[PDB]
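Asks: File name input16.txt; file contents compact mmCIF, N, CA and C atoms and all ligand atoms; full text below.
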# COMPACT_ATOMS: atom_id res chain seq x y z
N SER K 1 -10.08 -5.80 -16.33
CA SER K 1 -10.12 -7.02 -15.50
C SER K 1 -8.72 -7.59 -15.31
N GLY K 2 -7.96 -7.66 -16.40
CA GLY K 2 -6.62 -8.20 -16.33
C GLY K 2 -6.18 -8.77 -17.66
N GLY K 3 -4.87 -8.92 -17.83
CA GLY K 3 -4.34 -9.42 -19.07
C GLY K 3 -3.31 -8.48 -19.66
N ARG K 4 -3.73 -7.69 -20.64
CA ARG K 4 -2.86 -6.71 -21.26
C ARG K 4 -3.48 -5.32 -21.17
N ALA K 5 -4.08 -5.03 -20.03
CA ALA K 5 -4.72 -3.75 -19.81
C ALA K 5 -3.70 -2.73 -19.34
N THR K 6 -3.92 -1.48 -19.68
CA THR K 6 -3.00 -0.42 -19.31
C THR K 6 -3.70 0.64 -18.48
N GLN K 7 -3.12 0.95 -17.34
CA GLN K 7 -3.68 1.96 -16.45
C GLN K 7 -2.96 3.28 -16.64
N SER K 8 -3.61 4.19 -17.34
CA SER K 8 -3.06 5.52 -17.54
C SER K 8 -3.36 6.39 -16.32
N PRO K 9 -2.71 7.56 -16.19
CA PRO K 9 -2.94 8.45 -15.05
C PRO K 9 -4.42 8.73 -14.79
N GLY K 10 -5.16 9.01 -15.86
CA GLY K 10 -6.59 9.23 -15.74
C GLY K 10 -7.31 8.03 -15.16
N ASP K 11 -6.95 6.86 -15.64
CA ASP K 11 -7.59 5.62 -15.21
C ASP K 11 -7.17 5.26 -13.80
N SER K 12 -5.95 5.63 -13.45
CA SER K 12 -5.42 5.38 -12.12
C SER K 12 -6.12 6.28 -11.11
N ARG K 13 -6.58 7.42 -11.60
CA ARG K 13 -7.37 8.34 -10.82
C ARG K 13 -8.76 7.75 -10.59
N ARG K 14 -9.31 7.17 -11.65
CA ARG K 14 -10.62 6.53 -11.59
C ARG K 14 -10.53 5.28 -10.71
N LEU K 15 -9.36 4.67 -10.73
CA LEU K 15 -9.07 3.52 -9.90
C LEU K 15 -9.05 3.93 -8.43
N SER K 16 -8.34 5.02 -8.14
CA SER K 16 -8.31 5.57 -6.79
C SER K 16 -9.71 6.02 -6.38
N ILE K 17 -10.50 6.43 -7.37
CA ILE K 17 -11.90 6.74 -7.14
C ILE K 17 -12.63 5.52 -6.64
N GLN K 18 -12.53 4.42 -7.38
CA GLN K 18 -13.25 3.20 -7.00
C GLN K 18 -12.72 2.66 -5.68
N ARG K 19 -11.46 2.97 -5.40
CA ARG K 19 -10.86 2.65 -4.14
C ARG K 19 -11.51 3.44 -3.01
N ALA K 20 -11.70 4.75 -3.21
CA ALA K 20 -12.34 5.58 -2.20
C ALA K 20 -13.86 5.47 -2.31
N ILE K 21 -14.29 4.83 -3.37
CA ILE K 21 -15.67 4.44 -3.50
C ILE K 21 -15.97 3.34 -2.52
N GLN K 22 -15.16 2.31 -2.60
CA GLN K 22 -15.27 1.20 -1.70
C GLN K 22 -15.01 1.68 -0.27
N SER K 23 -14.16 2.70 -0.16
CA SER K 23 -13.83 3.28 1.14
C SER K 23 -15.08 3.91 1.75
N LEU K 24 -15.83 4.62 0.91
CA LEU K 24 -17.05 5.29 1.30
C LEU K 24 -18.10 4.29 1.75
N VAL K 25 -18.31 3.26 0.94
CA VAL K 25 -19.30 2.26 1.25
C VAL K 25 -18.93 1.51 2.51
N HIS K 26 -17.67 1.10 2.60
CA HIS K 26 -17.18 0.40 3.76
C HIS K 26 -17.48 1.20 5.02
N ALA K 27 -17.15 2.48 5.00
CA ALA K 27 -17.39 3.31 6.16
C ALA K 27 -18.88 3.47 6.41
N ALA K 28 -19.63 3.58 5.32
CA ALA K 28 -21.06 3.78 5.40
C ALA K 28 -21.76 2.56 6.01
N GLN K 29 -21.24 1.37 5.75
CA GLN K 29 -21.92 0.16 6.20
C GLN K 29 -21.12 -0.62 7.23
N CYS K 30 -19.98 -0.09 7.67
CA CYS K 30 -19.14 -0.84 8.58
C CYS K 30 -19.81 -0.95 9.95
N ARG K 31 -20.35 -2.12 10.23
CA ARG K 31 -21.00 -2.38 11.51
C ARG K 31 -19.98 -2.83 12.55
N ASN K 32 -18.77 -3.15 12.10
CA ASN K 32 -17.73 -3.67 12.98
C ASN K 32 -17.11 -2.54 13.79
N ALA K 33 -17.36 -2.58 15.10
CA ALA K 33 -16.91 -1.54 16.01
C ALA K 33 -15.40 -1.59 16.25
N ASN K 34 -14.81 -2.77 16.11
CA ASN K 34 -13.40 -2.94 16.40
C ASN K 34 -12.53 -2.65 15.18
N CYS K 35 -13.17 -2.56 14.02
CA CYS K 35 -12.46 -2.30 12.78
C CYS K 35 -11.79 -0.93 12.82
N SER K 36 -10.48 -0.95 12.99
CA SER K 36 -9.70 0.27 13.04
C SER K 36 -8.91 0.43 11.75
N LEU K 37 -9.45 -0.14 10.67
CA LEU K 37 -8.84 -0.06 9.36
C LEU K 37 -8.66 1.40 8.96
N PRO K 38 -7.45 1.79 8.54
CA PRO K 38 -7.08 3.21 8.36
C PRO K 38 -8.07 3.99 7.51
N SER K 39 -8.41 3.44 6.35
CA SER K 39 -9.32 4.11 5.43
C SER K 39 -10.74 4.13 5.98
N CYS K 40 -11.04 3.21 6.88
CA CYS K 40 -12.37 3.11 7.47
C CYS K 40 -12.64 4.27 8.40
N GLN K 41 -11.79 4.43 9.40
CA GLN K 41 -12.00 5.46 10.41
C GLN K 41 -11.91 6.84 9.78
N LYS K 42 -11.04 6.97 8.79
CA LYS K 42 -10.88 8.21 8.08
C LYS K 42 -12.14 8.52 7.25
N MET K 43 -12.63 7.51 6.53
CA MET K 43 -13.88 7.65 5.78
C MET K 43 -15.06 7.88 6.70
N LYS K 44 -15.08 7.21 7.83
CA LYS K 44 -16.21 7.33 8.73
C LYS K 44 -16.31 8.75 9.26
N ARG K 45 -15.16 9.41 9.35
CA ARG K 45 -15.11 10.80 9.76
C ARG K 45 -15.64 11.68 8.65
N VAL K 46 -15.18 11.42 7.44
CA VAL K 46 -15.61 12.17 6.27
C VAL K 46 -17.13 12.03 6.08
N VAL K 47 -17.63 10.79 6.24
CA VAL K 47 -19.04 10.49 6.09
C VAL K 47 -19.87 11.16 7.17
N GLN K 48 -19.51 10.90 8.43
CA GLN K 48 -20.27 11.41 9.56
C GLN K 48 -20.24 12.94 9.60
N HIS K 49 -19.31 13.54 8.87
CA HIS K 49 -19.23 14.98 8.81
C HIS K 49 -20.34 15.51 7.90
N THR K 50 -20.55 14.84 6.78
CA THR K 50 -21.61 15.24 5.85
C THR K 50 -22.95 15.30 6.56
N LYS K 51 -23.12 14.39 7.52
CA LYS K 51 -24.32 14.30 8.33
C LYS K 51 -24.61 15.61 9.06
N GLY K 52 -23.56 16.23 9.59
CA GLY K 52 -23.74 17.45 10.36
C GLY K 52 -23.34 18.70 9.60
N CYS K 53 -23.24 18.59 8.29
CA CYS K 53 -22.83 19.73 7.47
C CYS K 53 -24.05 20.44 6.88
N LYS K 54 -23.89 21.73 6.60
CA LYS K 54 -24.94 22.52 5.98
C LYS K 54 -24.41 23.27 4.75
N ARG K 55 -23.09 23.41 4.67
CA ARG K 55 -22.45 23.98 3.49
C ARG K 55 -22.17 22.90 2.45
N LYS K 56 -22.68 21.70 2.73
CA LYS K 56 -22.44 20.53 1.88
C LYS K 56 -22.59 20.81 0.39
N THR K 57 -23.81 21.05 -0.07
CA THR K 57 -24.09 21.01 -1.49
C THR K 57 -24.39 22.38 -2.11
N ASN K 58 -24.43 23.43 -1.30
CA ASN K 58 -24.70 24.77 -1.83
C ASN K 58 -23.43 25.41 -2.39
N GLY K 59 -22.56 24.58 -2.95
CA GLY K 59 -21.33 25.07 -3.54
C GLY K 59 -20.38 25.66 -2.51
N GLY K 60 -20.24 24.98 -1.39
CA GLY K 60 -19.40 25.49 -0.32
C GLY K 60 -18.39 24.47 0.15
N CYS K 61 -18.87 23.40 0.76
CA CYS K 61 -18.00 22.38 1.34
C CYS K 61 -17.22 21.62 0.27
N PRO K 62 -15.92 21.41 0.52
CA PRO K 62 -15.10 20.53 -0.31
C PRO K 62 -15.34 19.06 0.01
N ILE K 63 -15.25 18.70 1.29
CA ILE K 63 -15.43 17.32 1.75
C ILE K 63 -16.70 16.70 1.20
N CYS K 64 -17.81 17.36 1.46
CA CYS K 64 -19.11 16.85 1.09
C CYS K 64 -19.32 16.90 -0.42
N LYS K 65 -18.54 17.73 -1.08
CA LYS K 65 -18.58 17.81 -2.53
C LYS K 65 -17.89 16.59 -3.12
N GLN K 66 -16.76 16.26 -2.53
CA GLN K 66 -15.96 15.13 -3.01
C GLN K 66 -16.62 13.81 -2.64
N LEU K 67 -17.17 13.73 -1.44
CA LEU K 67 -17.91 12.54 -1.02
C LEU K 67 -19.10 12.30 -1.93
N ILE K 68 -19.69 13.39 -2.41
CA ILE K 68 -20.77 13.31 -3.36
C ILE K 68 -20.27 12.69 -4.66
N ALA K 69 -19.05 13.05 -5.04
CA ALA K 69 -18.46 12.53 -6.26
C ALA K 69 -18.36 11.01 -6.18
N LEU K 70 -17.65 10.52 -5.16
CA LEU K 70 -17.47 9.08 -4.96
C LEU K 70 -18.81 8.35 -4.96
N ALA K 71 -19.76 8.88 -4.20
CA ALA K 71 -21.06 8.26 -4.08
C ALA K 71 -21.82 8.27 -5.40
N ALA K 72 -21.47 9.17 -6.32
CA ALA K 72 -22.14 9.26 -7.61
C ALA K 72 -21.67 8.18 -8.60
N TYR K 73 -20.35 7.96 -8.69
CA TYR K 73 -19.83 6.84 -9.52
C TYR K 73 -20.51 5.58 -9.03
N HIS K 74 -20.42 5.43 -7.72
CA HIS K 74 -21.01 4.34 -7.00
C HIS K 74 -22.53 4.29 -7.18
N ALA K 75 -23.16 5.45 -7.25
CA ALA K 75 -24.62 5.54 -7.34
C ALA K 75 -25.14 4.86 -8.59
N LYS K 76 -24.37 4.94 -9.66
CA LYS K 76 -24.76 4.31 -10.92
C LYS K 76 -24.49 2.81 -10.85
N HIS K 77 -23.49 2.45 -10.06
CA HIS K 77 -23.10 1.06 -9.90
C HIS K 77 -23.74 0.46 -8.65
N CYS K 78 -24.85 1.06 -8.23
CA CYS K 78 -25.55 0.65 -7.03
C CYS K 78 -27.04 0.50 -7.32
N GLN K 79 -27.70 -0.38 -6.58
CA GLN K 79 -29.12 -0.62 -6.76
C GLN K 79 -29.91 -0.38 -5.47
N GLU K 80 -29.31 -0.76 -4.34
CA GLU K 80 -29.94 -0.63 -3.03
C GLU K 80 -30.55 0.75 -2.83
N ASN K 81 -31.82 0.77 -2.47
CA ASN K 81 -32.55 2.00 -2.24
C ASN K 81 -32.30 2.51 -0.82
N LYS K 82 -31.94 1.59 0.07
CA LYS K 82 -31.61 1.94 1.44
C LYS K 82 -30.12 1.75 1.69
N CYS K 83 -29.33 2.07 0.67
CA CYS K 83 -27.88 1.98 0.73
C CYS K 83 -27.30 2.74 1.92
N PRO K 84 -26.24 2.19 2.53
CA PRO K 84 -25.54 2.84 3.65
C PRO K 84 -24.85 4.14 3.25
N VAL K 85 -24.28 4.17 2.03
CA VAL K 85 -23.62 5.36 1.52
C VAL K 85 -24.56 6.58 1.57
N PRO K 86 -24.16 7.59 2.36
CA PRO K 86 -24.98 8.79 2.59
C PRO K 86 -25.38 9.49 1.30
N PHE K 87 -24.39 9.93 0.56
CA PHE K 87 -24.61 10.70 -0.64
C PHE K 87 -25.10 9.84 -1.79
N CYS K 88 -25.06 8.52 -1.64
CA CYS K 88 -25.53 7.66 -2.71
C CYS K 88 -27.01 7.83 -2.83
N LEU K 89 -27.70 7.64 -1.72
CA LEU K 89 -29.14 7.70 -1.71
C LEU K 89 -29.63 9.07 -2.09
N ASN K 90 -28.91 10.10 -1.69
CA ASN K 90 -29.30 11.45 -2.04
C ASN K 90 -29.15 11.65 -3.54
N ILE K 91 -28.06 11.13 -4.08
CA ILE K 91 -27.79 11.24 -5.50
C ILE K 91 -28.71 10.34 -6.32
N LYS K 92 -28.65 9.02 -6.11
CA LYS K 92 -29.38 8.10 -6.96
C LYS K 92 -30.89 8.11 -6.71
N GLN K 93 -31.36 8.91 -5.75
CA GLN K 93 -32.79 9.17 -5.63
C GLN K 93 -33.16 10.41 -6.44
N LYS K 94 -32.30 11.42 -6.42
CA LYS K 94 -32.51 12.61 -7.23
C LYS K 94 -32.26 12.30 -8.70
N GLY K 95 -31.06 11.81 -8.99
CA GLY K 95 -30.71 11.38 -10.33
C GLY K 95 -30.47 12.52 -11.30
N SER K 96 -31.26 13.57 -11.18
CA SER K 96 -31.14 14.71 -12.07
C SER K 96 -30.23 15.77 -11.50
N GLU K 97 -30.50 16.17 -10.27
CA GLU K 97 -29.79 17.30 -9.69
C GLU K 97 -28.38 16.92 -9.19
N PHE K 98 -28.31 16.56 -7.91
CA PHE K 98 -27.07 16.21 -7.16
C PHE K 98 -27.17 16.67 -5.69
N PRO K 99 -27.66 17.92 -5.40
CA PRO K 99 -27.83 18.39 -4.01
C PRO K 99 -28.53 17.38 -3.11
N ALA K 100 -27.99 17.21 -1.92
CA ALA K 100 -28.47 16.21 -0.98
C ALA K 100 -29.34 16.83 0.09
N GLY K 101 -30.57 16.34 0.22
CA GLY K 101 -31.44 16.81 1.28
C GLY K 101 -32.39 17.90 0.82
N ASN K 102 -33.02 17.68 -0.32
CA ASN K 102 -34.02 18.62 -0.82
C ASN K 102 -35.37 17.94 -0.90
N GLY P 201 -20.34 19.31 -13.84
CA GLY P 201 -21.01 18.40 -14.80
C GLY P 201 -20.20 17.15 -15.05
N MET P 202 -20.87 16.00 -14.97
CA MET P 202 -20.27 14.69 -15.23
C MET P 202 -19.10 14.43 -14.29
N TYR P 203 -19.44 14.08 -13.05
CA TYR P 203 -18.46 13.75 -12.01
C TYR P 203 -17.63 14.97 -11.58
N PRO P 204 -17.78 15.40 -10.33
CA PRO P 204 -16.96 16.45 -9.73
C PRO P 204 -15.56 15.93 -9.41
N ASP P 205 -14.59 16.84 -9.31
CA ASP P 205 -13.21 16.46 -8.99
C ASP P 205 -13.14 15.93 -7.56
N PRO P 206 -12.88 14.63 -7.41
CA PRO P 206 -12.98 13.95 -6.13
C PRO P 206 -11.71 14.07 -5.29
N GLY P 207 -11.54 15.23 -4.71
CA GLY P 207 -10.41 15.47 -3.83
C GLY P 207 -10.39 14.57 -2.60
N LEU P 208 -11.48 13.83 -2.36
CA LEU P 208 -11.57 12.97 -1.18
C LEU P 208 -10.57 11.82 -1.26
N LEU P 209 -10.28 11.34 -2.47
CA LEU P 209 -9.30 10.26 -2.63
C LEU P 209 -7.88 10.80 -2.50
N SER P 210 -7.77 12.13 -2.45
CA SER P 210 -6.51 12.78 -2.15
C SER P 210 -6.45 13.07 -0.65
N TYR P 211 -7.56 13.55 -0.10
CA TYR P 211 -7.71 13.79 1.33
C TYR P 211 -7.49 12.49 2.10
N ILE P 212 -8.06 11.42 1.59
CA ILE P 212 -7.88 10.10 2.16
C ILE P 212 -7.22 9.18 1.14
N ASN P 213 -5.95 9.43 0.87
CA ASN P 213 -5.18 8.58 -0.01
C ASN P 213 -4.61 7.41 0.77
N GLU P 214 -5.01 6.21 0.38
CA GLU P 214 -4.60 5.00 1.08
C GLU P 214 -3.17 4.62 0.71
N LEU P 215 -2.29 4.68 1.69
CA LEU P 215 -0.90 4.31 1.52
C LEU P 215 -0.51 3.29 2.58
N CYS P 216 0.43 2.42 2.26
CA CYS P 216 0.87 1.41 3.20
C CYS P 216 2.39 1.39 3.28
ZN ZN T 301 -14.47 -0.65 9.01
ZN ZN T 302 -19.28 19.19 4.59
ZN ZN T 303 -25.16 2.96 -2.93
Give the structure from this file in structure tokens form.

Replies:
Amino acid sequence: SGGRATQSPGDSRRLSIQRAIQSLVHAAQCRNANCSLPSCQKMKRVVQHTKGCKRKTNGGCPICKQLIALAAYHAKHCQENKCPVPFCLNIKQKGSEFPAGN
Amino acid sequence: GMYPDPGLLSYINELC
């Protein structure tokens, strides 16, 4: 939270995770059409790609694999059953597996 | 197992 906390490389990675976590959610739920926020449009591309992907979870796609990662950290820190995050709902509904769309 | 390596935060690394 703050004070005398230390961010090690590993934690800074997890921090960048939560950053691209928020990036994922933002893109997933961004209703603002004029929002040209850099991470938004980039995430929205990454997200909307998973939508039309088929190599996603069969151990093929990198993008959809990594997006699954972000959505999974987030999936535990999420409650919404109709969450905007694509891979969140696939993950936190399965809970056991990970593959999206089974 | 236990969180995949999230290359997405590398693919989309936010810099200003
Ligand atoms: Zn946006
Ligand atoms: Zn994909
Ligand atoms: Zn969620």

Asks: Can you list, as a list in words, every protein, DNA or RNA residue that comes within 6 Å of range 203-212 of chain P when you count all atoms listed in the file, leaving out same-chain residues fewer than 2 positions away?

Replies: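 In the requested form, the answer reads residues 16, 20, 66, 67, 69 and 70 of chain K; 201 and 214 of chain P.
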
Asks: Out of K:32, K:23, K:50, K:6, which residue has the shortest atom-to-atom distance to residue 87 in chain K when counting only N, CA and C atoms?

Replies: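 The answer is K:50, which sits nearest to residue 87 in chain K.
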
Asks: From the list K:95, K:3, K:101, K:84, which residue is nearest ligand ZN 303 (chain T) when using all atoms listed in the file?

Replies: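 Answer, going by the shortest atom-to-atom distance: K:84.
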
Asks: Distance limit 6 Å, reference ligand ZN 303 (chain T), atoms considered: all atoms listed in the file. Which residues make the cut? Give them as a list in words.

Replies: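 Counting all atoms listed in the file, the residues within 6 Å of ligand ZN 303 (chain T) come out as residues 74, 75, 78, 79, 80, 83, 84, 85, 88 and 89 of chain K.
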
Asks: Write out, as a CSV table (one decimal), in the coordinates of the input, the residues just selected, with N, CA and C atoms.

Replies:
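Just written: again_9.csv:
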chain,number,residue,atom,x,y,z
K,74,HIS,N,-20.4,5.4,-7.7
K,74,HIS,CA,-21.0,4.3,-7.0
K,74,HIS,C,-22.5,4.3,-7.2
K,75,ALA,N,-23.2,5.4,-7.2
K,75,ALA,CA,-24.6,5.5,-7.3
K,75,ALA,C,-25.1,4.9,-8.6
K,78,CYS,N,-24.8,1.1,-8.2
K,78,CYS,CA,-25.6,0.6,-7.0
K,78,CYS,C,-27.0,0.5,-7.3
K,79,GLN,N,-27.7,-0.4,-6.6
K,79,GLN,CA,-29.1,-0.6,-6.8
K,79,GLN,C,-29.9,-0.4,-5.5
K,80,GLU,N,-29.3,-0.8,-4.3
K,80,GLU,CA,-29.9,-0.6,-3.0
K,80,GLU,C,-30.6,0.8,-2.8
K,83,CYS,N,-29.3,2.1,0.7
K,83,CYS,CA,-27.9,2.0,0.7
K,83,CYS,C,-27.3,2.7,1.9
K,84,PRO,N,-26.2,2.2,2.5
K,84,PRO,CA,-25.5,2.8,3.6
K,84,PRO,C,-24.8,4.1,3.2
K,85,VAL,N,-24.3,4.2,2.0
K,85,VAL,CA,-23.6,5.4,1.5
K,85,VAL,C,-24.6,6.6,1.6
K,88,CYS,N,-25.1,8.5,-1.6
K,88,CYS,CA,-25.5,7.7,-2.7
K,88,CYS,C,-27.0,7.8,-2.8
K,89,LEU,N,-27.7,7.6,-1.7
K,89,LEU,CA,-29.1,7.7,-1.7
K,89,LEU,C,-29.6,9.1,-2.1

Asks: Identify, counting only C-alpha atoms and all ligand atoms, the protein, DNA and RNA residues located within 9 Å of ligand ZN 301 (chain T), and give them as a list in words.

Replies: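 The distance check yields residues 23, 26, 27, 28, 29, 30, 31, 32, 33, 34, 35, 36, 37, 38, 39, 40, 41, 43 and 44 of chain K.
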
Asks: Quick one: distance from CA of residue 76 in chain K to CA of residue 49 in chain K in Å, one decimal?

Replies: 23.1 Å

Asks: Ligand ZN 302 (chain T): which residues are within 6 Å, counting only C-alpha atoms and all ligand atoms, as a PyMOL selection string?

Replies: chain K and resi 49-50+53+55-56+61+63-64

Asks: Between atom N of residue 17 in chain K and atom C of residue 102 in chain K, what distance in Å does the model show, to one decimal?

Replies: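 Value for the atom N of residue 17 in chain K-atom C of residue 102 in chain K distance: 28.2 Å.
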
Asks: Figure out the distance between CA of residue 58 in chain K and CA of residue 99 in chain K, please, to one decimal in Å.

Replies: 7.4 Å

Asks: Please determine, counting only N, CA and C atoms, which residue among K:2, K:12, K:71, K:65 has the shortest atom-to-atom distance to residue 92 in chain K.

Replies: K:71

Asks: Can you work out which one of K:47, K:100, K:91, K:68 has the shortest atom-to-atom distance to chain P, counting only N, CA and C atoms?

Replies: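 Answer, going by the shortest atom-to-atom distance: K:68.
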
Asks: Since the input is missing atoms, can you rebuild N, CA, C and O atoms for chain P and write them as a compact mmCIF listing (two decimals), keeping the file's coordinate frame?

Replies:
# COMPACT_ATOMS: atom_id res chain seq x y z
N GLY P 201 -20.34 19.31 -13.84
CA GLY P 201 -21.01 18.40 -14.80
C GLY P 201 -20.20 17.15 -15.05
O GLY P 201 -19.00 17.22 -15.30
N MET P 202 -20.87 16.00 -14.97
CA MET P 202 -20.27 14.69 -15.23
C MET P 202 -19.10 14.43 -14.29
O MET P 202 -17.93 14.53 -14.67
N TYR P 203 -19.44 14.08 -13.05
CA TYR P 203 -18.46 13.75 -12.01
C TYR P 203 -17.63 14.97 -11.58
O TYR P 203 -16.85 15.52 -12.37
N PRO P 204 -17.78 15.40 -10.33
CA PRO P 204 -16.96 16.45 -9.73
C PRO P 204 -15.56 15.93 -9.41
O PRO P 204 -15.36 14.72 -9.26
N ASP P 205 -14.59 16.84 -9.31
CA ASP P 205 -13.21 16.46 -8.99
C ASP P 205 -13.14 15.93 -7.56
O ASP P 205 -13.31 16.68 -6.61
N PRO P 206 -12.88 14.63 -7.41
CA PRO P 206 -12.98 13.95 -6.13
C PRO P 206 -11.71 14.07 -5.29
O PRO P 206 -10.93 13.13 -5.16
N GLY P 207 -11.54 15.23 -4.71
CA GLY P 207 -10.41 15.47 -3.83
C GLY P 207 -10.39 14.57 -2.60
O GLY P 207 -9.39 14.53 -1.88
N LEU P 208 -11.48 13.83 -2.36
CA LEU P 208 -11.57 12.97 -1.18
C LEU P 208 -10.57 11.82 -1.26
O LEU P 208 -10.06 11.38 -0.24
N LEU P 209 -10.28 11.34 -2.47
CA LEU P 209 -9.30 10.26 -2.63
C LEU P 209 -7.88 10.80 -2.50
O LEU P 209 -6.92 10.05 -2.45
N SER P 210 -7.77 12.13 -2.45
CA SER P 210 -6.51 12.78 -2.15
C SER P 210 -6.45 13.07 -0.65
O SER P 210 -5.42 12.85 -0.01
N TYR P 211 -7.56 13.55 -0.10
CA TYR P 211 -7.71 13.79 1.33
C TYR P 211 -7.49 12.49 2.10
O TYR P 211 -6.83 12.47 3.14
N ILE P 212 -8.06 11.42 1.59
CA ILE P 212 -7.88 10.10 2.16
C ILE P 212 -7.22 9.18 1.14
O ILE P 212 -7.85 8.29 0.57
N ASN P 213 -5.95 9.43 0.87
CA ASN P 213 -5.18 8.58 -0.01
C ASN P 213 -4.61 7.41 0.77
O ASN P 213 -3.86 7.59 1.73
N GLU P 214 -5.01 6.21 0.38
CA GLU P 214 -4.60 5.00 1.08
C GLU P 214 -3.17 4.62 0.71
O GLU P 214 -2.88 4.30 -0.45
N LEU P 215 -2.29 4.68 1.69
CA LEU P 215 -0.90 4.31 1.52
C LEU P 215 -0.51 3.29 2.58
O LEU P 215 -1.05 3.30 3.68
N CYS P 216 0.43 2.42 2.26
CA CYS P 216 0.87 1.41 3.20
C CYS P 216 2.39 1.39 3.28
O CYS P 216 3.03 0.87 2.35
